[PDB]
Amino acid sequence: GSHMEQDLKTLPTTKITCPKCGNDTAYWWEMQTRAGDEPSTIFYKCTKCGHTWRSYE
Ligand SMILES: [Zn+2]
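For the record, in the sequence shown the residue sitting at position 56 is 1353 according to the numbering used here, with numbers rising by one throughout.
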């Protein structure tokens, strides 16, 4: 754990809320996995504290 590759200034942001700092917006992209919960999910990184969760589309 020494290098990294995160991005914020990029990725179109979407209007949402943050259950952590209470922000009112977050970044958003899709994240598909295998199959055992929700095919193709969208993570939303709040644009304030830097927290991200998942959607259902
Ligand atoms: Zn936040």
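Beta carbons: idealized from backbone N, C-alpha and C, even for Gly.
Item, Value
"Reference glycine 1347, options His1300, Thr1310, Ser1299 and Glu1354, closest by Cα", "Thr1310"
"Buried or exposed by the 16-neighbour rule on C-beta atoms within 10 Å, applied to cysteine 1318", "exposed"
"Beta-carbon spacing of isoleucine 1313, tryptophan 1325 below 9 Å", "yes"
"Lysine 1312 beta carbon near ligand 1 (any heavy atom closer than 8 Å)", "no"
"heavy atom of ligand 1 below 8 Å from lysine 1345 C-beta", "yes"
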